[PDB]
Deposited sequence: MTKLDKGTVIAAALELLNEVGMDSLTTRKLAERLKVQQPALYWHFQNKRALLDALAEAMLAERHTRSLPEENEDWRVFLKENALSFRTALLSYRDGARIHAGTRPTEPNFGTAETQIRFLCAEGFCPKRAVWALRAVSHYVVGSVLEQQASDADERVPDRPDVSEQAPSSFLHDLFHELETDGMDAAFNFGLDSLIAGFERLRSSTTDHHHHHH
């Protein structure tokens, strides 16, 4: 009647309404029209709830973990990064929740693929981690702005807003991938 799936769906709706800081087990119980005891063995504390929301966001939206057949390493890393970013952007404070929470089958497939595409084994692992670091940093800043000078600067900042958030993100990602080209091996 009240299963894990039902609780998480209500928690994600509530997260979007009030955000990470305001989200409590009390408010979730009230949203579900149940007493607080009825949530305890699902999620014993806010930490347990946030862990489950982080997991749910990635399971739902992060689809490009594995390379597709005949896929180029540049396309794979970009699609993986775009997929991860979409997952973190899909709910309010997504990046903050992910960072506050921190599969050998998946890892081996990814590393084997990059090694075949010319990456040194260590540099394959470093490249995957570096893309993840950039995505978390970027989404944290974007979502922080959502919640919240000279003539030269004023005109430039206006022109940057016009270009949009995707343009800024893609420039950093394209630069990281372009840089891997020459540093793939010592």
| query | finding |
| --- | --- |
| Stretches with no C-alpha position, numbering per deposited sequence from 1 | 1-2, 105-108, 155-167, 206-214 |
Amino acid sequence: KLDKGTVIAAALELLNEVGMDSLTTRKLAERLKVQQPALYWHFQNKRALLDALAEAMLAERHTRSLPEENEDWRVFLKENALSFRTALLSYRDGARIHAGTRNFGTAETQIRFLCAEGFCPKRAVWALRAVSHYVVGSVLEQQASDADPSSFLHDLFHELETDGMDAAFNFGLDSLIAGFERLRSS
From here on, numbers count along this sequence of modelled residues.
| property | result |
| --- | --- |
| Segment of higher mean CA temperature factor, 52-60 or 122-130 | 52-60 |
| Between 78-86 and 103-111 (mean CA B-factor, as deposited), the higher | 103-111 |
| Third of the chain's Cα B-factor distribution that residue 178 belongs to, per the entry | lowest |
| Chain-relative CA temperature factor third for residue 161 | highest |
| Third of the chain's Cα B-factor distribution that residue 117 belongs to, per the entry | middle |
| Record-listed C-alpha B factor of residue 44: chain third | middle |
| Record-listed C-alpha B factor of residue 144: chain third | middle |
